[PDB]
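Undergrad: Sequence and experimental coordinates follow.
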Amino acid sequence: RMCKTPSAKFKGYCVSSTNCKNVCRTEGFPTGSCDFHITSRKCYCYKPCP
């Protein structure tokens with residue numbers, strides 16, 4: 001399965017998605033993408049799940 005996971009170590013200002021990817025790929029998420037700010041600016045990276 002493929003899951004979506006909010007960047008745990010990246011919260012606040014998501015200036016660029018590529019910057020977020022660095023954090024996400026360090027945590028263990030191959031694919032990363034920045035989203036639109038609802039309450040705060042979010043970043044959602046994807047995690048391969050069983």
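TA: Structure received. Residues are numbered from 1 along each chain as shown.
Undergrad: Going by C-alpha atoms from here, please, whenever you check contacts or count neighbours.
TA: OK.
Undergrad: Which SSE is immediately downstream of the helix or strand encompassing residue 20?
TA: Here residue 20 sits within helix 17-27, counting by DSSP states H and E. Later in the chain than helix 17-27, the nearest helix or strand by DSSP H and E is strand 31-34.
Undergrad: May I have the strands that pair with that next one, each with its orientation?
TA: Strand pairing for strand 31-34, using DSSP bridges, gives strand 43-48 (antiparallel).
Undergrad: The partner strand: which residues count as buried?
TA: 43-47 (16 or more other Cα atoms under 10 Å).
Undergrad: Kindly indicate which of these lies nearest residue 4.
TA: Nearest to residue 4 out of these is residue 46 (Cα to Cα; 4.5 Å).
Undergrad: mind listing what the closest one touches?
TA: 2-5, 29-32 (Cα atoms under 8 Å, 6 or more residues apart in numbering).
Undergrad: Would you mind giving me the ChimeraX syntax to select the buried ones in those residues?
TA: Burial among those is assessed by 16+ other Cα under 10 Å; the matching ChimeraX selection reads:
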select :4,29,32
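Undergrad: for the buried residues of strand 43-48, which one is nearest residue 17?
TA: Using Cα to Cα, these come closest to residue 17 at residue 43, 7.5 Å.
Undergrad: didn't that closest one look like it was pressed against residue 9?
TA: No - using Cα atoms under 8 Å, residue 43 is not in contact with residue 9, being 10.3 Å away.
Undergrad: about what we covered before: dump the contacts of residue 46 to a markdown table, plus distance to residue 38.
TA: Converted to a markdown table, the contacts of residue 46 look like this (distance: Cα to Cα, whole Å):
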| residue | distance to residue 38 |
| --- | --- |
| 2 | 23 |
| 3 | 20 |
| 4 | 17 |
| 5 | 16 |
| 29 | 23 |
| 30 | 24 |
| 31 | 21 |
| 32 | 18 |
